[PDB]
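Two forms, one protein chain; structure tokens for each follow separately as structure 1 and structure 2.
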Structure 1
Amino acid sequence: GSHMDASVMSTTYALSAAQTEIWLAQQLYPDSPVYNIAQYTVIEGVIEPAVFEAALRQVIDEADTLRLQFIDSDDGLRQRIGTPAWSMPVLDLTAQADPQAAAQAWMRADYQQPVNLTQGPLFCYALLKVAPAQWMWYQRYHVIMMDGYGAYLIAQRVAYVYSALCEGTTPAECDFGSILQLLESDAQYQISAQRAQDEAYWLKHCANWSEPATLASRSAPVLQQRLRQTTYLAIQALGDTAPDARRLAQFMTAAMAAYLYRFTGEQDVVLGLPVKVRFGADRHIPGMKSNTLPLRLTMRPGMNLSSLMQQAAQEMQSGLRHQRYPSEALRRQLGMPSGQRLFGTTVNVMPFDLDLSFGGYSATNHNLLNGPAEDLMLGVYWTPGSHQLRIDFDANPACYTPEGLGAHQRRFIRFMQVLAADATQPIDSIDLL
């Protein structure tokens, strides 16, 4: 009856532009798990599951993106705070012949399965005991309601809450506001004069687009979870180039743009970069996304790392006023054709939690899936004070082979260290492999 139709619309918010394209893609591929994001946290100590589950229940209240329900309507998928029921599996794998390999297999069995958006919860939390004092906390979400930075903040908050509960103290109140504040702010932005100003800016900025520079063999839709190659690199290998995350993002974007130029001849290289890089304990609402926007770097004679990092800073400063305009909206307003993107390669710098601790026991976070890889994505994990960077090259399996991606990864890693060693040397003057 009409009362039920009216109630679904009045109690919900629309999807964002970015969520809309996720939902449309998931609808086209209903059995595909490519929209999952997942990580695990290794705890070097004893975990008490009942206390851990109490900490999870607390964070499920605090990070209310974890309670959003999605409902179909005549006007597309709608979202509101729902009431999912959930449980936390506990698996003791210590009697398996290889508990670590068994834990990886258990996690893979979950993250390779699709979720139905209209049947929540859209998260999974599980505890896997791998050794007497080694636990893995598995965390999986759907990208429509989470990103990797939000997953990082949730892991940090659960660690803090669990630690307070273990000690018998009351956790201090969280610093997250509510996902509803994001939804209300975005609803207002959609009808604002600012959005019209941002549209004009990005339409002008993207004039004369063409196919993005890519190492891909072809362009293809994302039908399968990423092919990944990971490198670990000492921060000292980058010299003075990366004192903080902002500078590291500028360096990696410059280095990849230069590498794409050397491999394609494209002198006007467009990458995807969030206009600002987020870090921990900074009042961010889990589930609120970064808008990845085009970043153009121009290769001209004598171009060097110094000048490219300068262009990257100029691009980011110029886009700051306009940083809310959805990449997804822009890609359509430009009138671009079937499956064509604004950029092939994205760079995502993410924090590393130096102090992560559960009940006094040290822990570390490890990404399993970071969402779909349309072409190529670099995921970089680091925070000042950490002596090592983890760099994930995540690629559409239809566009690269493992060999081919590994060859590009080791060459790029070599190339970036040559750049960091002499920021004045012309890009054209660097030997490649």
Structure 2
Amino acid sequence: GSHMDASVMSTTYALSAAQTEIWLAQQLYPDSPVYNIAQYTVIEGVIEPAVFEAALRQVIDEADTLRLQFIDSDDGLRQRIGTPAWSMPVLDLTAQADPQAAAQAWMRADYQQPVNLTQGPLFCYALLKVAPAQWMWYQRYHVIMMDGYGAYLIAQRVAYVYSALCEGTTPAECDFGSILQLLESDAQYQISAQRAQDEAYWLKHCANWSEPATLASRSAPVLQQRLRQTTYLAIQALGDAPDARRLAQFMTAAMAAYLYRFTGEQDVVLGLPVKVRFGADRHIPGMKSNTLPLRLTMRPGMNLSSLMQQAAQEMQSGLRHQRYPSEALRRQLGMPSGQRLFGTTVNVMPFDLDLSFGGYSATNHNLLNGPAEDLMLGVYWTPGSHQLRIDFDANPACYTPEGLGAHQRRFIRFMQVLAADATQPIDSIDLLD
């Protein structure tokens, strides 16, 4: 034989369950950058690129998932903590006729590139000066090594380290754990009795399932990046003081009521993304998130409060078993592949969007949020703020931009009228054009 494969196997770790599903899904279309997540922080002040690069180096040392390198092997793909070659581009676009548009185009050209996992770079950090005392920190990752909460933790840590370095202070000891402990915990869960309990619960929950209700007229795999319809809204349109749990309950209830009013289906299956972070996993950047199948049963004449109680019940009974992958449940239920458990996902991310870099305020804004197989309702909300950002992310094959926009406007209106009177049956509101 040849020793190279043996040394590859002995110097690597197996992928986690979520990483395995990500890799299996990406292998079908290796030229599709739909598995990139991306955001950018607008900083209202002066950023020194050298101090920022120093902070980025420190955080890359602190979050070892940023140094994961992947290697092919007889066992598909494996990973180790390697030495990625990275750089921080600094682009001053203040002289351009449209500095904001130039920065948007730069980051779009970045996150549109295909990402080969065995060569990298799996992440990209760059600074874009869009105005005097207005900078942009652009972050991009592949979902195989990062999710939403991980990127949020990394942005917070980078902000803190930069603020500490600017005032010449030693940054406090980082709170992060190692990605290897996360991988070991996932490997232990994969052969755990907790996993058997979760599998039994999810097999009983969606035992006799139904094909998902959807606003699209066709089912198609995700190939292009999402079509995004973004709208901002005030919290009083909801009015329910909601927390993350009840905000997600209300969003899922509204989406299920809209799907029932548009399709007539009464057993609406939605997708609910969750962190799957308990204990030490709450302080380890990387990929850990899952999507739960949330069933909402519709009865004609039912109001919003009953739907919200249904959603609260489903979450209260299902979040205990959120470690079981939805793909493993789909395979275990005996469903033919291509048949999904849910079509419309409701991704509520109650992560703080505010940061402080060297005394200057800054705000986070998403560009990519993973693949959009059908419809994804992304709800960005800083806990406490009176504002919500609502993104309709759609598969370009199943939707067109203006149709998605009309659906979003009608859904916003229907949801506002729903929250106006939670006792009125959903079959009564007249909807829009």
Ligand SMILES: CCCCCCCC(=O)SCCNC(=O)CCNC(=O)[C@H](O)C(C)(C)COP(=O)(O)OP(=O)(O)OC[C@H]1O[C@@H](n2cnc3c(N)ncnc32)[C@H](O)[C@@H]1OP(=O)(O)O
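Along the sequence of structure 1, residues get numbers from 1 upward. The term rigid core refers to the most C-alpha atoms you can superpose between the two forms while keeping them within 1.5 Å.
- Of the two forms shown, structure 1 is the one deposited without the named molecule.
- After superposition on the rigid core, the single residue among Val277, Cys166, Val115, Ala363 whose C-alpha moves by 2 Å or more between the two structures is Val277.
- After superposing the rigid core, the C-alpha of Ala18 moves by 2 Å or more between the two structures.
- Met9 is among the residues whose C-alpha shifts by 2 Å or more between the two structures once the rigid core is aligned.
- Relative to the superposed core, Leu354 undergoes a C-alpha shift of no less than 2 Å between the two structures.
- The shift recorded for the CA atom of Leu180 between the two structures is 1.4 Å, with superposition on the rigid core.
- The rigid core superposition between the two structures gives a CA shift for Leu320 of 2.8 Å.
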